[PDB]
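Accompanying notes for the structure given below.
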Amino acid sequence: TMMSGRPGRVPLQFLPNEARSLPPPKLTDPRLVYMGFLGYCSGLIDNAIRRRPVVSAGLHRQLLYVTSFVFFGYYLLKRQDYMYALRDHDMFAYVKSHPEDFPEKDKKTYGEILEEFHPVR
Amino acid sequence: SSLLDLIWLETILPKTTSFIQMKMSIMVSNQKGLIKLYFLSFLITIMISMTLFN
Amino acid sequence: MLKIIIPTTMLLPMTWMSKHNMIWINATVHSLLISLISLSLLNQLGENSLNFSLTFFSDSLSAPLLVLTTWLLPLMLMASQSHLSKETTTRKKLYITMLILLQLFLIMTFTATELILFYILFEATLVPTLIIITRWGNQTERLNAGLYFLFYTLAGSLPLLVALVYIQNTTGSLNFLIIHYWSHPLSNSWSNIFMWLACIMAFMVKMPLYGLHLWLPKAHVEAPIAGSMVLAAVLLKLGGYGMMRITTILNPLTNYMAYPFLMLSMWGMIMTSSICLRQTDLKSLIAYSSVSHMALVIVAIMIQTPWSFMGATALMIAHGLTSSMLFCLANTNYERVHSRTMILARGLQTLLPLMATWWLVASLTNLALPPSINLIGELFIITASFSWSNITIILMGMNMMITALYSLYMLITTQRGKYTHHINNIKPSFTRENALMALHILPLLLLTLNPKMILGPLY
Amino acid sequence: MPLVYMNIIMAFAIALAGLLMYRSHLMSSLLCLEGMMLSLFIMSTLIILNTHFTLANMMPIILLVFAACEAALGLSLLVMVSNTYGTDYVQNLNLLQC
Amino acid sequence: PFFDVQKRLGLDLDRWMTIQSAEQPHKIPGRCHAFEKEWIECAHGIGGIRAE
Amino acid sequence: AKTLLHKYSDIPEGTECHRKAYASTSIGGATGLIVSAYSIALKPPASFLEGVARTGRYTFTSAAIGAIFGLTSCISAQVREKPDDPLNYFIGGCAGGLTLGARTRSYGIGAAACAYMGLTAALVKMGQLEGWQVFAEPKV
Amino acid sequence: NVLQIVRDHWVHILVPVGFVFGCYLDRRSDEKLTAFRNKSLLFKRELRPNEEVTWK
Amino acid sequence: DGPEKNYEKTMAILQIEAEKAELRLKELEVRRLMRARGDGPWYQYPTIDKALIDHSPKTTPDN
Amino acid sequence: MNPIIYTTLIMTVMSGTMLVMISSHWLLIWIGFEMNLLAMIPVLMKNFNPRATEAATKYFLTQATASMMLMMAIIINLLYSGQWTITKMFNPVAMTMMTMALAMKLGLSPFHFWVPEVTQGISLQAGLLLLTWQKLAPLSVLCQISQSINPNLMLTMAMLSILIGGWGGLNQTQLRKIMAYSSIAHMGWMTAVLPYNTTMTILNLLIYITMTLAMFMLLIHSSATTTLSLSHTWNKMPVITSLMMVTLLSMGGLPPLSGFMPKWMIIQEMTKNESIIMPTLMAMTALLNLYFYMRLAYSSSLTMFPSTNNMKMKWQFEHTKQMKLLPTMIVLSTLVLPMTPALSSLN
Ligand SMILES: CCCCCCCCCCCCCCCCC[C@@H](O)O[C@H](CO[C@H](O)CCCCCCCCCCCCCCC)COP(=O)(O)OCC[N+](C)(C)C
Ligand SMILES: CCCCCCCCCCCCCCCCC[C@@H](O)O[C@H](CO[C@H](O)CCCCCCCCCCCCCCC)COP(=O)(O)OCC[N+](C)(C)C
Ligand SMILES: CCCCCCCCCCCCCCCCC[C@@H](O)O[C@H](CO[C@H](O)CCCCCCCCCCCCCCC)COP(=O)(O)OCC[N+](C)(C)C
Ligand SMILES: CCCCCCCC/C=C\CCCCCCCC(=O)O[C@H](COC(=O)CCCCCCC/C=C/CCCCCCCC)COP(=O)(O)OCCN
């Protein structure tokens with residue numbers, strides 16, 4: 001796709017202003033829950049490596065892992081949604097601006113279309 | 001049991017693959033560590049890419 | 001479907017926070033409870049499917065396999081309860097974790113409305129199996145067996161990924177509903193021939209087809225008991241399920257691309273049935289029997305007629321249950337004998353009568369005795385192949401006779417005759433083994449009353 | 001493209017071949033590297049002066065500086081090799097192998 | 001890859017040396033100032049493919 | 001460069017057996033020279049004479065393989081009267097493998113080379129027929 | 001003993017809670033595919049006087 | 001539940017997947033055309049900025 | 001060395017890479033490469049010994065030759081078009097020579113010979129830095145000019161790199177050489193998708209960096225260099241061996257682990273451009289990487305090798321220094337497949 005050279009792009013902006021026109025992901029998003037699960041797994045692995053009681057060694061450390069993962073996941077999801085919205089917008093604008101290359105298909109019915117029949121024997 | 005399953009079916013798919021990969025690994029990894037040969041090969045590949053891919 | 005997937009996931013925290021002496025009880029109870037929940041899926045309708053959501057759907061082909069998969073896990077736990085007595089708590093919990101992960105991957109695989117998700121889970125089912133085989137295996141050949149099992153599968157299934165992404169690029173969707181509704185004929189071209197081969201070989205290697213079956217005896221012999229049952233019962237059906245799902249886009253090329261595989265299977269059934277006769281090992285004999293039955297299933301699927309599909313599904317379920325039972329019995333014998341050789345222990349019927357009864361019932365079911373679903377699937381495939389060509393009956397009858405011969409040879413060598421004199425550690429059979437055999441066999445004789453539940457969507 | 005540029009590129013290629021030949025005496029390898037650098041300096045100077053690209057007159061000097069620094073670095077390494085072996089033959093660096 | 005810090009900050013660290021026709025000292029002109037100016041103005045804001 | 005490939009491809013498949021054999025011999029000789037140069041650079045055997053002997057034997061082996069493949073494929077294409085058939089290329093590849101085995105003088109290499117060279121030649125012919133791309137241009 | 005068996009038998013409630021959660025999630029996911037409720041060309045039905053949706 | 005639930009759920013799912021497939025085909029075609037021509041926002045490789053040119057007398061009339 | 005001097009040299013290496021990535025002038029990019037090479041040498045020689053010196057001199061020779069080739073390519077490009085900006089190369093010979101220069105810098109075959117020896121001679125810490133950080137500048141430069149690179153040369157070099165890495169990894173016993181060949185194979189995988197989609201290149205680079213960082217940190221944690229020294233680890237820290245086996249399975253491309261995300265995605269991209277033979281070949285070749293990873297896993301965790309008596313004393317002492325971000329690296333390199341679409345972030 002290579003949207004790097006897209007006109008009117010701020011060189012180092014994580015989230016452009018126009019990205020505020022899209023619905024933010026819900027806080028109960030399944031992907032955000034998955035980031036929280038990844039944070040919890042990182043906490044458990046950290047406890048295991050340090051040779052500490054895996055489930056209940058540091059509650060503050062596990063909470064910090066979960067919170068950091070959720071934070072980064074939320075912002076990453078916002079950026080992903082904005083980029084996909086940009087791709088769809090460019091697609092639709094281009095297909096509107098070039099009607100010659102995307103002609104309307106002459107709609108046909110199965111009654112007047114001959115498909116070869118291959119019997120199974 | 002013996003001739004087909006234990007001998008030839010083994011020889012065709014798995015054993016031939018194992019032998020070929022072992023031979024290729026021995027061939028590739030056997031470098032004496034001399035940079036003379038390394039840079040001679042570098043010159044050869046530079047010449048080959050210069051005259052072939054253009 | 002999430003009412004099934006979520007409890008299977010919750011089985012992991014349940015196991016890991018259990019007491020050191022109560023993991024088996026909790027795992028068995030909740031696995032059985034999960035199986036009851038899975039029973040609801042069996043009530044399929046003559047229309048399309050039970051389209052639960054955009055990601056999971058259930059058919060009358062997926063329902064029997066799903067129920068069998070959910071039912072197998074308690075039996076695997078009861079089988080593994082024996083040889084894990086002297087194992088540390090962490091390693092036992094890891095073993096149960098591997099079994100639960102395998103069940104979860106299989107459950108997510110069998111519905112998998114999209115083909116790429118199906119492939120992802122179909123290859124994900126390979127890691128826990130390899131870990132189980134290579135970690136908790138007795139013999140020193142478990143490493144080579146694991147390597148064979150990994151590479152035979154992966155080499156076949158790697159071109160399948162390329163074929164699938166190509167199909168998505170051209171067709172535009174890999175959802176099975178759209179794939180079925182928008183299917184178009186495949187022209188006779190070299191590119192289409194290689195697409196056919198790529199889409200078929202990945203499932204034919206796992207079934208397995210004759211000539212690519214070298215990994216199966218090794219994987220079945222060197223694996224522990226639970227790995228053996230999960231390989232023989234469910235993991236072999238992945239290839240057939242995938243083939244019956246994916247043959248919807250390969251027409252009409254299959255009409256002439258099935259000849260090499262049909263010939264290979266129809267001759268390899270005879271070859272492996274003959275191999276079973278001259279065998280010095282029990283688990284190897286059962287593995288070769290599984291190869292023969294799966295070759296018959298391959299023939300049925302490649303014929304591509306409604307009776308073929310019905311017989312294929314019935315044979316899938318029946319062979320899964322029968323092979324699991326046979327592996328259970330062989331493991332119970334091996335635990336007392338510690339040798340794993342057919343002629344080393346003889347005349348066990350005089351010492352263990354009820355286990356002799358279980359052996360007889362399992363051999364009769366494997367022998368395809370009416371009106372068991374084994375013979376239902378067998379006979380459906382026989383009639384379909386006879387319609388395909390009148391000469392197949394010769395090969396199928398030869399296979400039937402050899403199957404009876406080696407089944408009764410297995411029964412007679414280990415049960416009849418005079419007991420071996422120098423073995424005096426044949427303790428009376430526990431209640432666990434008898435319960436395991438009963439729970440293996442009773443579902444078969446119960447399903448013979450309602451065959452329509454296992455006859456697939458073309459019923 | 002006049003003959004002067006062709007001769008300069010020919011000199012660079014000859015120096016590169018000499019560097020890659022590796023008879024012995026790693027000092028000769030460093031000498032070949034610096035011959036390549038000198039050819040680069042001459043070619044860049046000619047190109048920049050020919051087109052009156054005034055602000056680019058900085059480029060050769062800068063180049064030279066950096067390249068000379070590298071030469072110094074290389075010499076240091078060479079010295080250590082000798083201090084470990086007593087001589088700077090290329091064939092002595094064979095402890096590490098593929 | 002290319003983190004365009006300069007355009008974000010408007011620093012002009014290294015853009016003055018890129019072309020012949022960009023603010024030479026004492027306004028000394030390049031040998032091909034006119035042609036480079038014409039090509040640059042032709043190909044500005046057009047994209048690589050269309051400019052080629 | 002690509003000139004030898006153009007010389008080989010310009011000739012019709014079913015005609016001019018000698019020209020096809022010459023083009024295949026040239027391609028084989030070039031490949032043998034390249035592999036000989038790499039072997040010499042990476043493994044200097046003992047001296048100049050052994051090196052020239054090794055490069056000569058490698059180039060001769062490769063040229064013989066190419067010549068046999070081209071001649072056999074063209075002869076089969078003419079005799080069968082059915083061009084654009086990958087079977088001719090399969091026969092050519094197996095013949096080339098057979099000469100490779102004869103040169104190496106062991107039946108195993110001969111049989112393996114026949115199989116794995118007939119397969120490759122048949123695949124090349126199929127790709128030429130169907131326009132398969134190895135180094136695909138960046139369309140999208 | 002209450003508050004003592006809980007510390008040893010609290011793990012048993014995990015699976016049924018998961019089942020209930022899965023049922024709730026299934027219903028919630030089904031709530032997102034109501035784009036054709038009572039609009040199917042075959043099951044198109046006039047609503048009952050005290051009926052708001054054909055199915056939930 | 002009743003058959004109408006599954007019927008209409010399947011209809012909605014089929015609509016969603018058909019729309020997604022058509023969108024994927026359109027995206028592939030748009031990408032191919034955009035890369036071939038270069039007249040859209042995608043595949044806009046950078047060129048030399050024209051704001052860098054100096055427009056002043058250059059001590060020589062002929063530039 | 002002094003900690004302040006080591007920190008200064010590390011800052012200088014990072015500053016050189018940053019200067020390469022953020023600059024729009026060919027001369028400044030060459031300056032950044034020179035600064036990186038100049039400051040990177042003492043990092044290899046932190047632990048002085050003959051092996052480190054020989055590895056450092058091999059690395060210096062290779063990098064200096066690559067830099068000189070790159071400068072010659074820049075000179076030719078300037079000659080045939082008076083442009084200094086990093087854009088379309090405007091010349092075939094200059095593009096070819098710059099491609100060889102960047103291949104030498106990266107380590108793609110047949111310029112791969114220096115990687116195993118340099119990795120073997122130098123320490124684990126030095127190796128970790130060399131394997132992951134060094135790749136960022138040449139890959140950024142290649143991504144910036146991907147529209148001009150000849151597909152034939154890049155594709156054949158990537159295929160050769162994958163083949164060579166897969167074949168050479170089978171023979172090696174030392175872990176550092178295995179990592180060097182793994183890096184060669186991964187870069188062969190990653191540079192094959194440059195002509196088509198650079199976003200896939202960046203995604204593969206990120207995933208590979210995470211995986212190799214995790215594996216090198218695990219190797220540093222259990223101070224093992226040869227295979228048997230790693231086999232001894234299970235007797236002291238079994239958790240480390242289990243995590244290492246999971247990471248090794250991830251690095252082989254096994255789904256549903258994270259290492260499957262790049263390959264799969266990369267294949268998809270090359271299928272959009274009607275390139276079918278090559279992705280199949282690279283998959284069947286990556287099977288070899290999988291094989292030697294599986295052999296390492298068999299040696300390390302899935303089996304218990306004989307131990308030594310003195311190991312008893314090691315049971316009483318704990319790892320004094322803990323490296324932060326190791327659990328995060330393991331999690332990111334193992335369980336991030338379900339978040340694959342986030343690659344649309346143009347990472
Ligand atoms: C004399 C009678 C003879 C026949 C007896 C038959 C008894 C059958 C019992 C076995 C049932 C098998 C399990 C069925 C599970 C599938 C159905 C399940 O998923 O439905 C859920 C509901 O399940 C039930 O609420 C809970 C049943 C679970 C328990 C079954 C009974 C046996 C449980 C035994 C557990 C252990 C007992 C104690 C041991 C100590 C969710 O329903 P929902 O999707 O919302 O429905 C939407 C449609 N509505 C709106 C019309 C409802
Ligand atoms: C070993 C254990 C089992 C492994 C799996 C075995 C199954 C693989 C076998 C492949 C199935 C058939 C492959 C090709 C079938 C097409 C029919 C063809 O073979 O017949 C003739 C084809 O002629 C020749 O066969 C050409 C191909 C010859 C080269 C192929 C290799 C043959 C031997 C290699 C065997 C190796 C198999 C195992 C590889 C590891 C008909 O000629 P024609 O009507 O004009 O062309 C028909 C196709 N059209 C219509 C699209 C044009
Ligand atoms: C394991 C997967 C990789 C994980 C990598 C580590 C994660 C932690 C990194 C912390 C945040 C990263 C960046 C910090 C934010 C500020 C920087 C921001 O301004 O950069 C923007 C860009 O943001 C970053 O690119 C996105 C970073 C997100 C990386 C995650 C994607 C991984 C996809 C698959 C795994 C899913 C996530 C798993 C959990 C993290 C500017 O973009 P732009 O200058 O205009 O374009 C340059 C690129 N070009 C030249 C090719 C056009
Ligand atoms: C247990 C070991 C089993 C090993 C199985 C390996 C064999 C699997 C069958 C071949 C796999 C590769 C097929 C490619 C994937 C399908 C993609 C596809 O269909 O696209 C084709 C492309 O077809 C190909 O490119 C096929 C090239 C094959 C190259 C690799 C050869 C591998 C070995 C071939 C022989 C193996 C066959 C028998 C294997 C039996 C098992 C050993 C369409 O091309 P287009 O570009 O769209 O052209 C349209 C415009 N005319």
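Chain identifiers are assigned as A, B, and so on, following the order in which chains appear in the structure tokens; residues are numbered from 1 within each chain, and ligands are numbered from 1 in order of appearance.
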Which polymer residues have any atom within 8 Å of an atom of stretch 19-24 of chain E, counting only C-alpha atoms, with same-chain residues fewer than 2 positions away left out, as number ranges by chain? D: 53-55; E: 16-17, 26-30, 32-33, 36-37; H: 52-54; I: 82-85
Name the residues, by chain letter and number, that sit within 7 Å of ligand 1 using only C-alpha atoms and all ligand atoms, and give them as a list in words.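 Every residue with an atom at most 7 Å from ligand 1 is listed here: residues 3, 36, 37, 38, 39 and 40 of chain C; 23 and 27 of chain G; 1 of chain H.
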Would you give me, as a ChimeraX atom specification, the residues of chain G that come within 12 Å of chain H, using only C-alpha atoms? /G:27,29-45,53-56
Keeping only N, CA, C and O atoms, write the selected residues to a file as a PDB file, in the first residue's frame.
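Result file out_35.pdb:
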ATOM      1  N   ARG G  27     -24.741 -15.155  23.762  1.00  0.00           N
ATOM      2  CA  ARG G  27     -25.923 -14.318  23.559  1.00  0.00           C
ATOM      3  C   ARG G  27     -25.529 -12.913  23.111  1.00  0.00           C
ATOM      4  O   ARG G  27     -26.144 -12.337  22.204  1.00  0.00           O
ATOM      5  N   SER G  29     -22.819 -11.997  21.511  1.00  0.00           N
ATOM      6  CA  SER G  29     -22.347 -12.060  20.132  1.00  0.00           C
ATOM      7  C   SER G  29     -23.506 -12.225  19.162  1.00  0.00           C
ATOM      8  O   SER G  29     -23.486 -11.670  18.058  1.00  0.00           O
ATOM      9  N   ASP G  30     -24.521 -12.998  19.549  1.00  0.00           N
ATOM     10  CA  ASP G  30     -25.707 -13.134  18.714  1.00  0.00           C
ATOM     11  C   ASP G  30     -26.442 -11.810  18.578  1.00  0.00           C
ATOM     12  O   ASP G  30     -27.108 -11.571  17.565  1.00  0.00           O
ATOM     13  N   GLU G  31     -26.335 -10.946  19.585  1.00  0.00           N
ATOM     14  CA  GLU G  31     -26.967  -9.633  19.519  1.00  0.00           C
ATOM     15  C   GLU G  31     -26.412  -8.754  18.405  1.00  0.00           C
ATOM     16  O   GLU G  31     -27.044  -7.749  18.066  1.00  0.00           O
ATOM     17  N   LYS G  32     -25.255  -9.090  17.838  1.00  0.00           N
ATOM     18  CA  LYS G  32     -24.635  -8.280  16.796  1.00  0.00           C
ATOM     19  C   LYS G  32     -25.014  -8.708  15.384  1.00  0.00           C
ATOM     20  O   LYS G  32     -24.603  -8.048  14.425  1.00  0.00           O
ATOM     21  N   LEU G  33     -25.778  -9.785  15.225  1.00  0.00           N
ATOM     22  CA  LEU G  33     -26.138 -10.308  13.913  1.00  0.00           C
ATOM     23  C   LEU G  33     -27.642 -10.240  13.688  1.00  0.00           C
ATOM     24  O   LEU G  33     -28.239 -11.125  13.074  1.00  0.00           O
ATOM     25  N   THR G  34     -28.275  -9.178  14.184  1.00  0.00           N
ATOM     26  CA  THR G  34     -29.708  -8.976  14.034  1.00  0.00           C
ATOM     27  C   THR G  34     -30.045  -8.088  12.844  1.00  0.00           C
ATOM     28  O   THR G  34     -31.094  -7.436  12.843  1.00  0.00           O
ATOM     29  N   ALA G  35     -29.177  -8.047  11.834  1.00  0.00           N
ATOM     30  CA  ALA G  35     -29.405  -7.192  10.678  1.00  0.00           C
ATOM     31  C   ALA G  35     -30.544  -7.676   9.793  1.00  0.00           C
ATOM     32  O   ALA G  35     -30.990  -6.920   8.925  1.00  0.00           O
ATOM     33  N   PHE G  36     -31.024  -8.908   9.986  1.00  0.00           N
ATOM     34  CA  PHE G  36     -32.110  -9.445   9.175  1.00  0.00           C
ATOM     35  C   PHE G  36     -33.237 -10.020  10.023  1.00  0.00           C
ATOM     36  O   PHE G  36     -34.028 -10.819   9.519  1.00  0.00           O
ATOM     37  N   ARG G  37     -33.327  -9.638  11.294  1.00  0.00           N
ATOM     38  CA  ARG G  37     -34.387 -10.160  12.143  1.00  0.00           C
ATOM     39  C   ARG G  37     -35.749  -9.747  11.605  1.00  0.00           C
ATOM     40  O   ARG G  37     -36.022  -8.557  11.418  1.00  0.00           O
ATOM     41  N   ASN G  38     -36.601 -10.739  11.350  1.00  0.00           N
ATOM     42  CA  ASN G  38     -37.952 -10.546  10.827  1.00  0.00           C
ATOM     43  C   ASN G  38     -37.955  -9.880   9.457  1.00  0.00           C
ATOM     44  O   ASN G  38     -38.958  -9.284   9.056  1.00  0.00           O
ATOM     45  N   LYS G  39     -36.845  -9.964   8.727  1.00  0.00           N
ATOM     46  CA  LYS G  39     -36.778  -9.472   7.361  1.00  0.00           C
ATOM     47  C   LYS G  39     -36.485 -10.575   6.358  1.00  0.00           C
ATOM     48  O   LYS G  39     -36.382 -10.288   5.159  1.00  0.00           O
ATOM     49  N   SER G  40     -36.340 -11.816   6.809  1.00  0.00           N
ATOM     50  CA  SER G  40     -36.083 -12.919   5.897  1.00  0.00           C
ATOM     51  C   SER G  40     -37.274 -13.138   4.979  1.00  0.00           C
ATOM     52  O   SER G  40     -38.429 -13.068   5.404  1.00  0.00           O
ATOM     53  N   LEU G  41     -36.986 -13.409   3.707  1.00  0.00           N
ATOM     54  CA  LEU G  41     -38.042 -13.547   2.714  1.00  0.00           C
ATOM     55  C   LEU G  41     -38.923 -14.762   2.969  1.00  0.00           C
ATOM     56  O   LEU G  41     -40.030 -14.835   2.428  1.00  0.00           O
ATOM     57  N   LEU G  42     -38.465 -15.708   3.785  1.00  0.00           N
ATOM     58  CA  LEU G  42     -39.225 -16.909   4.109  1.00  0.00           C
ATOM     59  C   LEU G  42     -39.977 -16.803   5.427  1.00  0.00           C
ATOM     60  O   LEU G  42     -41.147 -17.187   5.497  1.00  0.00           O
ATOM     61  N   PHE G  43     -39.335 -16.292   6.477  1.00  0.00           N
ATOM     62  CA  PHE G  43     -39.938 -16.197   7.799  1.00  0.00           C
ATOM     63  C   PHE G  43     -40.450 -14.794   8.105  1.00  0.00           C
ATOM     64  O   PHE G  43     -40.562 -14.417   9.275  1.00  0.00           O
ATOM     65  N   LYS G  44     -40.761 -14.013   7.074  1.00  0.00           N
ATOM     66  CA  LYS G  44     -41.279 -12.663   7.266  1.00  0.00           C
ATOM     67  C   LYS G  44     -42.655 -12.746   7.909  1.00  0.00           C
ATOM     68  O   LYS G  44     -43.600 -13.268   7.309  1.00  0.00           O
ATOM     69  N   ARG G  45     -42.773 -12.236   9.131  1.00  0.00           N
ATOM     70  CA  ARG G  45     -43.980 -12.382   9.926  1.00  0.00           C
ATOM     71  C   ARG G  45     -44.422 -11.027  10.455  1.00  0.00           C
ATOM     72  O   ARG G  45     -43.597 -10.172  10.787  1.00  0.00           O
ATOM     73  N   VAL G  53     -39.705  -7.989  19.231  1.00  0.00           N
ATOM     74  CA  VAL G  53     -38.714  -8.627  18.376  1.00  0.00           C
ATOM     75  C   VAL G  53     -39.112 -10.080  18.168  1.00  0.00           C
ATOM     76  O   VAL G  53     -39.722 -10.709  19.038  1.00  0.00           O
ATOM     77  N   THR G  54     -38.781 -10.610  16.989  1.00  0.00           N
ATOM     78  CA  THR G  54     -39.109 -12.000  16.691  1.00  0.00           C
ATOM     79  C   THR G  54     -38.300 -12.960  17.555  1.00  0.00           C
ATOM     80  O   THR G  54     -38.841 -13.946  18.068  1.00  0.00           O
ATOM     81  N   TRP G  55     -37.009 -12.690  17.729  1.00  0.00           N
ATOM     82  CA  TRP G  55     -36.156 -13.534  18.552  1.00  0.00           C
ATOM     83  C   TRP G  55     -35.074 -12.677  19.188  1.00  0.00           C
ATOM     84  O   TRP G  55     -34.783 -11.569  18.731  1.00  0.00           O
ATOM     85  N   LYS G  56     -34.483 -13.203  20.253  1.00  0.00           N
ATOM     86  CA  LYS G  56     -33.451 -12.481  20.984  1.00  0.00           C
ATOM     87  C   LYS G  56     -32.082 -13.116  20.778  1.00  0.00           C
ATOM     88  O   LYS G  56     -31.075 -12.418  20.668  1.00  0.00           O
TER      89      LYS G  56
END
At a cut-off of 10 Å, which residues of chain D touch chain E? Count only C-alpha atoms and give the answer as a PyMOL selection string. chain D and resi 49-56+58-59
Find the spatial neighbours of residue I:292, counting only C-alpha atoms, within a cut-off of 6 Å - ignore same-chain residues fewer than 3 positions away - and output them as a list in words.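 Skipping anything fewer than 3 positions along the chain leaves residues 170, 289 and 295 of chain I.
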Which residues come within 10 Å of residue C:389, counting only C-alpha atoms, excluding same-chain residues fewer than 5 positions away, as a list in words?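 Counting only C-alpha atoms, the residues come to residues 121 of chain A; 383 and 384 of chain C.
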Compute the chain I side of the contact with chain C at 10 Å, counting only C-alpha atoms, and hand it back as an MDAnalysis selection string. chainID I and resid 246 249 254:257 260 264:265 267:277 279:281 283:284 287:288 290:291 294:295 298 301:304
